[PDB]
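What follows is a set of notes on a single structure, which appears directly below.
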Amino acid sequence: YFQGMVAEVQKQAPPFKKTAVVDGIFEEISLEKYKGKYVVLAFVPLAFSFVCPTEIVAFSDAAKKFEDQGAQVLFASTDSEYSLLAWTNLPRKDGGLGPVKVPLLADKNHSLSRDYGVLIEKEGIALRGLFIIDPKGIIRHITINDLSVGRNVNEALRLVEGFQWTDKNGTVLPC
Amino acid sequence: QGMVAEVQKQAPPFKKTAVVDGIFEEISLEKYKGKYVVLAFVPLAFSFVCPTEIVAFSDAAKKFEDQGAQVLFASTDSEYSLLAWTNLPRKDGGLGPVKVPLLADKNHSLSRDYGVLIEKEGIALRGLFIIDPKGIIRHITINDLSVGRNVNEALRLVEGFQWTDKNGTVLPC
Amino acid sequence: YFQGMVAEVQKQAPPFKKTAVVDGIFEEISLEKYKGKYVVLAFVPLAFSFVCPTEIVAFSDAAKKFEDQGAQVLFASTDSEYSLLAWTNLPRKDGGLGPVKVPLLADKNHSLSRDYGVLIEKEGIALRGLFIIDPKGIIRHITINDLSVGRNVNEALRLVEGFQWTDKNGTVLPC
Amino acid sequence: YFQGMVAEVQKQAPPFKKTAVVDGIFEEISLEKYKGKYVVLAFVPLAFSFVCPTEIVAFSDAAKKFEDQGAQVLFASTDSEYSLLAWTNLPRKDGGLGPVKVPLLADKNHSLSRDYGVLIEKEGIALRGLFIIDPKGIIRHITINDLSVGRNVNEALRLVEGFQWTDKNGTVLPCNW
Amino acid sequence: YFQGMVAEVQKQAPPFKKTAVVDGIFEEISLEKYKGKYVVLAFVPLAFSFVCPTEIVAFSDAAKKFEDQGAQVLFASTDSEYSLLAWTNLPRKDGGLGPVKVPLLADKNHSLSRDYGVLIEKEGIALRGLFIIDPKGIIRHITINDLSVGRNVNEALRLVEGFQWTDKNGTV
Amino acid sequence: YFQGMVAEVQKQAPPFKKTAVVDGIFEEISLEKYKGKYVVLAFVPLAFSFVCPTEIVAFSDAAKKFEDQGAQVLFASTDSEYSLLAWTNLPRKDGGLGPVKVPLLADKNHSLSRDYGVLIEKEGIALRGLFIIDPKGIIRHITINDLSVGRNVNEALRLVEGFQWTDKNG
Amino acid sequence: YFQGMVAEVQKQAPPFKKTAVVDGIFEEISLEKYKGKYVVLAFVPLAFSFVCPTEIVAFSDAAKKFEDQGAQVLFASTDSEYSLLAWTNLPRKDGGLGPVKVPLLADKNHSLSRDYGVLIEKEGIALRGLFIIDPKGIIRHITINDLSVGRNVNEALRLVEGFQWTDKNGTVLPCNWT
Amino acid sequence: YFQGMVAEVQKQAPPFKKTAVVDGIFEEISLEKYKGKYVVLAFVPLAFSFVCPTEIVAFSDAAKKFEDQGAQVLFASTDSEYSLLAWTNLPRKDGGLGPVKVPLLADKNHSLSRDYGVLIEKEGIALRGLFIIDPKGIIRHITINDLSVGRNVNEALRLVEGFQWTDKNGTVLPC
Amino acid sequence: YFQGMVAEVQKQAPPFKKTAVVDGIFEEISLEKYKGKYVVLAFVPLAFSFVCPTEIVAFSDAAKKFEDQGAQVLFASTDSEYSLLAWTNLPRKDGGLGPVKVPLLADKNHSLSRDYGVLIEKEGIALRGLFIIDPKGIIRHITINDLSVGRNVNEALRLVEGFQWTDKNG
Amino acid sequence: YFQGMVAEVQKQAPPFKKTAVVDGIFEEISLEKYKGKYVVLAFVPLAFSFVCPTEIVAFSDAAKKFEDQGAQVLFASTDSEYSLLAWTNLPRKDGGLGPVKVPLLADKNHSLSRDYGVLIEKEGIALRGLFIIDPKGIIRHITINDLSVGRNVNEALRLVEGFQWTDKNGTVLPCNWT
C-alpha cells in the first residue's frame, strides 16, 4: 500500500488510526489492532435520523453472531465522536440508537469514506457500503447499495465464514 | 474517458457480441432502457471449481421477468468460448442450451470500465451490478474469485427498488 | 467567489444555499435570502459538545435582538443538520443545548467551514468566527477567535449597530 | 513557516525583521527577539490620518496591562520610519500622536502586511489587523475590524489574559476566568 | 530491448512468461526454457470458426519431422488456459481441437499478442503471425497472414532449414 | 492511413512518388497510379549484389502471369536509380541482372523504405519485404524474411488468386 | 509600451494615474492630461527627512522657469499622501517643505516606480530618476543619481529646451548655445 | 553580480574584458584592473563621426583633473579597435580626433554596451552615457545622455570629487 | 526561406536593407535592386587594416568585369559606414585603402553577418565570405575561406562565367 | 563538435566511419585514421551520373599533389558500397569512373552528408562540396557549388598550402605567394 489509493478488492486496505466510541467511552481504534481477524465495515447516510436503519440494528443486534464465529464488525460515520457517543447514550424517545455491541468509528476528516471510494462528494455522506477485510489486510468482499435499500446480515455472515474456511483450506465447496 | 461504473450513477454503455439462444446477436446495454438489468461476471469459460452452481444460475430467468428485471452474464472470454460452453453438456462441466445472454468482454473495455477487470490476468471477477430503468446503478457486489455470488440477493434487491422507487413516497420507519 | 480563494475581508462574501434547522423545521436557507439586512455569521462547537450552562444560553437569549435591531444571525457548524436538531430537542436540564431562537445552519459537507477558512481538516471542526456581512455581500469584520472563548454578544451588537450606522449614514464616530 | 505562506492560525507566524521607531529612535524589530513572551501585533492604517488619534493613546495605557501579564504591544504600517517618526514627534494636541509607550514598525517595503494578510494591495496600506502571538510563535487569534472601526482594548486584553488560562491549565474552561 | 517495444526483425524477441497447457496439465513454459534452439512462435486467433483448421493437424502430426532440426513449437491465443484447455479437450469432429503434442499459451491480458505487435486491440485477438527466434533470442523472421485463410506448413521448414544451414556454415 | 504510420495487413497503403526503371528508362511511379489492380510491393537489399538476381528473375519472368490476373509487380531498394539502371544494363554473365519486364523503385533518400518499415536503418538497406495491395488500397498479406533466403514465386500468385475469390464471392 | 516593461529611452513612456498633493488639496494626476507639453518626472526617496535636499526647491523655482519654457515638473514618492500633505503644510524652518507650485504624486502602492525601474524593492523607496517625456510620450533623456546627491536643475532646463529646439529643427546641434 | 541583468544603481558593475586602443597600442582593459580607484565609463557615438572640435577635445584633455583626485577615465564605442585607432592617429585638425591620453574601449561584438544597457539594438552604437564607479565596484551614479548632448567636465567630475569626500568622511553631514 | 534560418545553397540568401558606401557617399542598398542580375557578396576582415592594401586595390579594381557578364560586386564588414567611409578617403601613407569603385556595405548591427552563418559571435567579425545570388533569388554558390587567404577574382566570377552558359539563354 | 552540431568552420571535424570502395575492394574508412594530416573532402551527387566526372578525375589524378604537401584527399557520395563498386568497374567511356587513386567513401545512411549539411534532404543526394580539414580535425574552408558547376582543383590547392605554412610560423601573410 501507498497513501493516495482507493480501496480495491484483493489489494491492501487503507490503514486508519481514529477516535472511537466503545461501550460508552472513548478509545483509539486502528486496523493493526485487529490484524489477525477479519474486519467488517458498513456505511450509512445519517446519524440521529430516520431512513430506518434496518441494517444497522441488524448488525449491531447481530454483533454476537459475528464475534464467536471469527468476524469483527465495525461501523462508521462522518460525524464526530460526540455525536456517535450521544446517539448510543441517549434513550430511544430522544431519537437514540441505544447502546450497541460493536465498535463505532467517527471519521470527521472524511479519510475513510474517501479511502474506500464510497463518499458522495457533493452531499458529504456515504452510500451503503459493505466491505470485508482479512487478517493480512486484504478486502475480500464488497457490496454497495443506493440509500433506499438495506443490507442482509446473513449473506455477509455466511460469505465471511466461507472465505475464512477456504483461505486455510484453499478449496471451495462445489456448487 | 475512464467511465468507472459507480453506484448511483449512469451505467457505462457497452456493445458486445453475445449468445441469445444458441445464435450470435449483438447485445448492448442500450436495448433495455426502461427495464432493470443485472450484469454478472463469471471467472472462466469452462472453469474448474464446480458446475452445479452454474447450472442453477443459468436456470433462473422467469424470476427476474416477473418483477420486471433482465439477467445478463458477461466475461472477458470470447463470444465463441461462451457459446461452446453453452453447447457442452453439464456432465463434462458444460451447460447446455440456456436462456440468458452471455457477453464477451475479450477486448477488456467493459470489465475494465466497471472496475472488475484484473489487468494483469485478463480475467473477470465476481461482479454483479443492478441498473435501473433510467440507467442509474443502484447496487454492486464483488467477491473474491473463489466463492460464488447469490441469485437470491439480486432477486431481493431488484424488487426493493421495484416497490420503493414505484411508490414515490417515504416509508414509515 | 472565483471557484477559488479562501476568505478575505472586504471582498464579497462567499454565497451559499444549503439547508438549516430554523426553529425545529428544515427551512431552505441561503445567504441570498438576507440581502437588504445585515447578517452576522457565527460558528459553534460540534454536537453534544462540552461547555458550561451560561455561555451557550447567552447567545440564545440575544437571538431575538438581532431580529430586533435589523439583522439576522446564522449559527452554523461543520456539524450535521440532524445532530444539531437532536441537540436542541434534548432540553438543558438533561444536558442539551435546548431551544434556540436563531437558525442552525448545517454544513456536513464542509462547504461553509471551508469557504471561510476556519476548518482544520484534521479535526473536522470549525473555529469560532464572527463575520459581519452587509446587504451588499461584503465581508467587513473578520473574527477567527479560537475554540475557547465566549462569542461576545456586546461586541457582536456593537458591530451591528456601529457598522450599520457608518454605511447607513456615513459619518464615523471619533476615537 | 515557508517563505510565502500567508499567516494562518496555529502555524508558525511569518518571521520578520523590520525598521521601527521606538521612543523616538530607530530600532530593528523581529519575532525572534521576544521568544516565549507574548506579542500583540496591531496595524494602523495611515500616518497623520484624519481619524481620531485616541485609538492609539488607550493602547499605551493598556500596554502596561499587557506587560504585567508578560506580553508586548507592537504597531505597524506601510508608512516609512520618517512618516511614523514624524507622526509621533508632533504633539497630540497639534494633530500628531506625540510620544507613546509602545513600539511602531516601518513596513515601507510591504512585507509584513502581505505575509500576515492585513494588506490592501491597491492602496499599499494596512487594515485594522490584530495578531496575538504565543511563546512558541503560534498565532491563536486574529481579528480584522475593516478600516472604519478601531479595536477594543478590553476585548484584546481579555483575549491575551484569557489564553494564558487555556495554555497554562492545559484545558478549556467554558465558564472561567 | 526496453519493455514496451513491438517485435522487430533482427532484434531480441520481446520476453514473455505465460501459463500453458501441456498434455492436459498446467505448466509455466515462459520463454527461456528453450534457449539454444529455434523457437517457432505461432498465433491462432479465437477458436470456434467454421473454417477447417486442418493445417495445424499437419504440424501436429509432423512435429517429430520438425523437432529433429532443433525447434520448439508454440501456439498462442487470447483465451484463458481453462478456455484453451476446454477447446483442447473437445474432440475435432464436434468442433474442438483434441490432440496436440505442442504447448498452447493462454495470454488474455494480451501481453503476448501486444508485445510482438500482432493484435487488434479492439478485437482482443491477433492476426495470424509467426516469429522464428534463433538460439540467441533474436527475431529472424516475421510472417503475418490475414484472417481469411491461414499459414503454410512447408514454408516454415524451408526457412528454418535455410537459417540452420546459413547460420551454421556462414554461406548463403 | 495517416502519414508517419507504418503499413500493415487490412490498412490503407501509404502513397509515394519515386524514380524507377521501367523497361530501361526512368519514370515517376506513385502507388496511387496502380489503384485498380493488385500490387505486389517487395524489397531487395542492394544493387549489384549476389543472392538478389536469381531471386528477382523469378518474379520478373512472371510479369505476364501477374498482368494476366490483373496484378502489378514492384521491387524497391535504397540504392540510387542510377545503380538500378546500370545494374539493368550489366548482363547476367558479367551483369548482375539482365533487362527485365517489371518496374523497380529506388528510394535513395530512404523515406519510402521507412514508410512501410521494412528498412533496416543502421545499415541503410531493406530486407526482403512482401506486401499485397488490393484495388481498395488495403494490404491483404505481409511476409518479412531475412536476406539469406528468397521468398517464393508461387506463393504471391496463389495468394492473389486466393483473395480475388473471397473478395468477389464470400 | 506594455504592462511590466521598464522605462527605456525612445519608447512610449508608461502612463500614470496617482493621488497627488496639489496646493493643499488632493488631485489625481494622469499623463494624458499633459499631452502637448513636455513633462519632467522626478522622484524623491522619503518625506520628513534631514539635509534639506535642495534639488526639490530647484525644481520648484525651475518649475516656474519650465512653465515659462512650456514644460511641466512632477515629483513623486512612495510616501503616503498624508505624509506628503503634512510635509507640504509644514513650514520649512521646522524641517518641512513649505509651499510648492508643482504637483507632488503619491506612489503609495508602488505601481509607477516598478515601471520606470527606479524602485528599490527591499527598501521600499524610489531612486532619483529624471525623465523628460514629450507630447508624443517618448523618453529622450535619463538621469539617475544615488539618493545622497542632488540633481543639477540647470542641466535639466538646458537639455529640455534643447530637445524642443532639436525637435522643431529635426537635426542635431554641433555646439550647444544659450 | 549575476549574468543577464542590465547594470543598476547601487549594484555591482558588470565585469568585462575588452581590447582597447591606448596611446596607439592595444591593451586589455578589465574593470578589475582599476579596483581601488574611481573609474568613469563614457560612450562616444562613433569614430570619424561629425562633432564639434572644441567639445570633444576638452573632455579628452582632462585626465589630470581626474588623476588629481585619483580617478581613471575611459571612453568606449561599438566600432572596431582599428577604426578608433585610425581616429586617434588622424589629427583633429583634419576633422578627426587626434592623439588622446585615455584608453579607448572598442567592442565590435557589442558585449560592453549590452552589459551596461546602452546598446541600441538596431543601430549598433551607444548613446552618451557616463558611469561613476568607486574603490569597491558599486555603481554610485549613472547618466544616460541622448546622443545630441555631450557631457560636462564639471558635471561629470563634481559628483566624483563629491563622492570621494562624502564616502571618506564616514560621518553624517548636516543640512 | 524562413525567418530565423541561416543561409543554405538553394534556400535563397536572406535579404536585407542596409546603409552602404557607394563611390564616396552613403546610399541605401538592399538585396532587391539587383534582382535580374547575379550578385557576388564578399566579406573583408577589417577597415583601416594594417595587413595588405595591394590585394584590396586589386579587388576593387574589378567592377566592369562583373557588369559585362551581368553581375554586381558588393563587399561587407562590421565596420560602421562612418567608420568605413573614412577608410576610402585616406591615402596609403596613413594606411588608407583609397577611393574604390565597388559598393562597400557596413554591417555594424550584425543582422546580415549572423544571417549568412559566416559570423563569429565571439570575435564580432565575419570571415571572408563569397556568395553568388542568381536573378531568380536562389543561391547558386558559396565559398568561405578563413581570414588568412583572400579571393582570387578569377575564382570569384569564374563560376558566374560558367552559370551564364549553363542557363543557355538561347 | 558535440554530436549534433552541423559542419562549421573552426569547430571539430565531425567523426564518421564508413565502408568504402578503395582500389577495387571494400574497406572501413574513418576520420580517426589519418590524424596528423590535413584532409580535403569533396562530394559528388550520385553514381553513373551524366554530368561529366571531370571534377572527380581532377583530384584523383592529382591525388599525389594533395599528398606531398602532407594532405589527403577524400571523396564522398550518398551511394552504397556496391554502387561505388559498380561505378568503379565501368571505364570512363561507359560513364563510369573506373579505378581510382583516392578513398571513395560510401554514405548510404547519410551520416556524413547530414553531419555537414550538404544533403539535399528531399532528394537524398549531395551538392558539390569541398572542405579543408586540419591535422587537429577542424574545418577551415568550405565550398558549395550547385550541381551545374564543378570545383576547380588548382584553386583548392592554392587554399591548401597557405594554411599549412601559416600554422607553422603562426604568422599571417599579407599578400599571397604561390
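So the sequences go chain by chain: A, B, C, D, E, F, G, H, I and J. Numbered continuously in our numbering, the first sequence closes out at residue 175. Numbered continuously in our numbering, the second sequence closes out at residue 348. Numbered continuously in our numbering, the third sequence closes out at residue 523. Numbered continuously in our numbering, the fourth sequence closes out at residue 700. Numbered continuously in our numbering, the fifth sequence closes out at residue 872. Numbered continuously in our numbering, the sixth sequence closes out at residue 1042. Numbered continuously in our numbering, the seventh sequence closes out at residue 1220. Numbered continuously in our numbering, the eighth sequence closes out at residue 1395. Numbered continuously in our numbering, the ninth sequence closes out at residue 1565. Numbered continuously in our numbering, the tenth sequence closes out at residue 1743. No residue lacks a Cβ here, since even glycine has one placed at the ideal position from N, Cα and C.
Check your understanding: Taking C-alpha atoms, which residue in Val354/C, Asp427/C and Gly498/C lies nearest to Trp700/D?
Key -> Working through the fourth sequence from its first residue, we reach residue 700/D at position 177. The shortest C-alpha to C-alpha distance from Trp700/D to any of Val354/C, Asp427/C and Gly498/C is the one to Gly498/C.
Check your understanding: Terminal residues of the continuous alpha helix (DSSP H) containing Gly162/A?
Key -> As a position in the first sequence, residue 162/A is number 162, starting the count at 1. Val153 to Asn169 is the extent of the alpha helix (DSSP H) around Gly162/A.
Check your understanding: In chain C, what lies closer than 9 Å to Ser671/D by C-beta?
Key -> Numbered from 1 along the fourth sequence, position 148 holds the residue referred to as residue 671/D. Neighbours of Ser671/D on chain C, chain order: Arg488, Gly510, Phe511, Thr514, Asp515 and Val520.
Check your understanding: Around the Cβ of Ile1590/J, are there at least 16 other Cβ atoms within 10 angstroms (buried) or fewer (exposed)?
Key -> Residue 1590/J sits at position 25 when you count from the first residue of the tenth sequence. Counting the other CB atoms within 10 Å of its CB gives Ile1590/J a total below 16, which places it among the exposed residues.
Exercise for review: Output, in chain order, the set of chain B residues within a Cβ distance shorter than 8 Å of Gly798/E.
Suggested key: Here the question's residue 798/E lines up with position 98 in the fifth sequence. Near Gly798/E there are no residues of chain B at all, since even the closest Cβ is about 13 Å away, more than 8 Å.
Practice item. Could you say which of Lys1077/G, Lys1059/G, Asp1149/G and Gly1078/G lies nearest to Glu1070/G if we only look at CA atoms? Key: For this step, residue 1070/G is matched to residue 28 along the seventh sequence. Ranked by Cα distance from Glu1070/G, the options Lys1077/G, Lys1059/G, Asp1149/G and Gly1078/G are led by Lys1059/G.
Practice item. Identify the continuous alpha helix (DSSP H) that holds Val929/F and give its terminal residues. Key: Here residue 929/F refers to the residue found at position 57 when the sixth sequence is read from its first residue. In the DSSP assignment, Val929/F falls within the alpha helix (DSSP H) that extends over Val923 to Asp933.
Point to revise | Which residues DSSP lists as bridging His1706/J, in chain order | key: As a working note, residue 1706/J is residue 141 in the tenth sequence. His1706/J pairs with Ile1697/J.
Check your understanding: Is the segment 286-302 of chain B close to the segment 315-322 of chain B, with three or more CB pairs under 8 Å?
Key -> Yes: the two stretches touch, three or more of their Cβ pairs being nearer than 8 Å.
Review point. According to the neighbour-count rule (16 or more other Cβ atoms, all chains shown, within 10 Å of its Cβ), is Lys1503/I buried or exposed?
Key: Numbered from 1 along the ninth sequence, position 108 holds the residue referred to as residue 1503/I. Buried.
Check your understanding: Relative to chain L, which residues along the segment 1448-1472 of chain I have a C-beta separation below 8 Å, given in chain order?
Key -> In the displayed structure, chain L is absent; the protein chains listed are A, B, C, D, E, F, G, H, I and J.
Review point. Going along the segment 527-555 of chain D in order, which residues come within less than 8 Å of chain G, judged by CB to CB distance?
Key: Of all residues in the segment 527-555 of chain D, none has a Cβ within less than 8 Å of some Cβ in chain G.
Exercise for review: Return the Cβ separation of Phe1526/I and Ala1408/I in integer angstroms, given the expectation that the two are a contact with Cβ distance under 8 Å.
Suggested key: As a position in the ninth sequence, residue 1526/I is number 131, starting the count at 1. As a position in the ninth sequence, residue 1408/I is number 13, starting the count at 1. Rounded to the nearest angstrom, the Cβ distance from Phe1526/I to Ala1408/I is 6 Å, consistent with a contact under 8 Å.
Exercise for review: Check the Cβ-Cβ distances between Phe1438/I and every residue of chain H, and say whether any is below 7 Å.
Suggested key: Stepping through the ninth sequence from its first residue, residue 1438/I is reached at position 43. Closer than 7 Å: no.
Check your understanding: Are any of the Cβ atoms in chain D nearer than 7 Å to that of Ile481/C?
Key -> As a position in the third sequence, residue 481/C is number 133, starting the count at 1. At least 7 Å separates the CB of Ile481/C from every CB of chain D.
Check your understanding: Would you say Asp94/A reaches chain C, if we count a Cβ-Cβ gap shorter than 7 Å as a contact?
Key -> For the purposes of this step, residue 94/A is identified with residue 94 of the first sequence, where counting begins at 1. True, the Cβ-Cβ gap to chain C drops below 7 Å.
Exercise for review: Just the C-alpha distance for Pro697/D and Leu394/C, rounded to the nearest angstrom, thanks.
Suggested key: Along the fourth sequence, read from residue 1 onward, the residue named residue 697/D stands at position 174. Along the third sequence, read from residue 1 onward, the residue named residue 394/C stands at position 46. Between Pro697/D and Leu394/C, the C-alpha separation is close to 14 Å.
**Study point:** Buried versus exposed, by CB contacts within 10 Å (16 or more), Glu254/B
**Key:** Taking the second sequence and counting its residues from 1, one reaches residue 254/B at position 79. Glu254/B is buried by the Cβ-count criterion.
Exercise for review: Tell me, please, whether the CB atom of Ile1345/H is closer than 7 Å to any CB atom in chain G?
Suggested key: Against the eighth sequence, residue 1345/H aligns to sequence position 125. Interface criterion not met: the Cβ of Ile1345/H is under 7 Å from no Cβ in chain G.
Practice item. Between the Cα of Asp794/E and those of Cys752/E, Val818/E and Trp865/E, spot the shortest distance and give me the residue it belongs to. Key: For the purposes of this step, residue 794/E is taken as the residue at position 94 of the fifth sequence. Checking every option, the nearest Cα to that of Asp794/E belongs to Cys752/E.
Point to revise | Cβ pair residue 881/E, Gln703/E closer than 7 Å | key: Absent from the structure is residue 881/E, since the part of chain E shown begins at 701 and ends at 872.
Check your understanding: Given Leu627/D, which residues of its chain have a CB within under 6 Å of its CB, disregarding the five upstream and five downstream residues?
Key -> Residue mapping note: residue 627/D aligns to position 104 of the fourth sequence, counting from 1. Here the set comprises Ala543, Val544, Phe598 and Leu607.
Check your understanding: Quick one: what does DSSP say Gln1464/I is sitting in, helix, strand or coil?
Key -> By 1-based counting over the ninth sequence, the position of residue 1464/I is 69. Secondary structure of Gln1464/I (DSSP, three-state): coil.
Review point. For chain A, is any of its Cβ atoms less than 7 Å away from the one on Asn457/C?
Key: Mapped onto the third sequence, residue 457/C falls at position 109. Closer than 7 Å to some Cβ of chain A, the Cβ of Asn457/C qualifies, so yes.
Practice item. Would you kindly report the start and end of the unbroken alpha helix (DSSP H) that includes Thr78/A? Key: In the first sequence, residue 78/A corresponds to position 78, counting from 1. Careful: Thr78/A lies outside any alpha helix (DSSP H) and carries neither H nor E.
Practice item. Can you give me the start and stop residues for the alpha helix (DSSP H) that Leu1507/I sits inside? Key: Working through the ninth sequence from its first residue, we reach residue 1507/I at position 112. Its alpha helix (DSSP H) spans residues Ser1506 to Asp1510.
Exercise for review: Just confirm the distance between the C-beta atoms of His982/F and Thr960/F, as a whole number of angstroms; I'd bet it's less than 8 Å.
Suggested key: Translated into the one-based positions of the sixth sequence, residue 982/F becomes position 110. Translated into the one-based positions of the sixth sequence, residue 960/F becomes position 88. Their Cβ separation, rounded to whole angstroms, is 21 Å, which puts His982/F and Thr960/F out of contact at 8 Å.
Practice item. Keeping to the same chain, check which residues put their C-beta closer than 6 Å to that of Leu1339/H; ignore five residues upstream and five downstream. Key: What you label residue 1339/H is simply residue 119 of the eighth sequence in a count that begins at 1. Contacts found: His1330 and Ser1333.
Exercise for review: Compute the Euclidean distance between the alpha carbons of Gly137/A and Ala86/A, then round it to the nearest angstrom.
Suggested key: Counting from one through the first sequence, the residue named residue 137/A turns up at place 137. Counting from one through the first sequence, the residue named residue 86/A turns up at place 86. So the alpha carbons of these two residues sit roughly 31 Å apart.
Point to revise | Closer than 8 Å at the beta carbon, the chain I residues around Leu1724/J | key: Translated into the one-based positions of the tenth sequence, residue 1724/J becomes position 159. From the beta-carbon of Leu1724/J, the residues of chain I found nearer than 8 Å are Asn1540 and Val1544.
Check your understanding: At a Cβ threshold of 7 Å, is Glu121/A touching chain B?
Key -> Here residue 121/A refers to the residue found at position 121 when the first sequence is read from its first residue. Put simply, the CB of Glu121/A is far from chain B, with every gap to its CB atoms at 7 Å or more.
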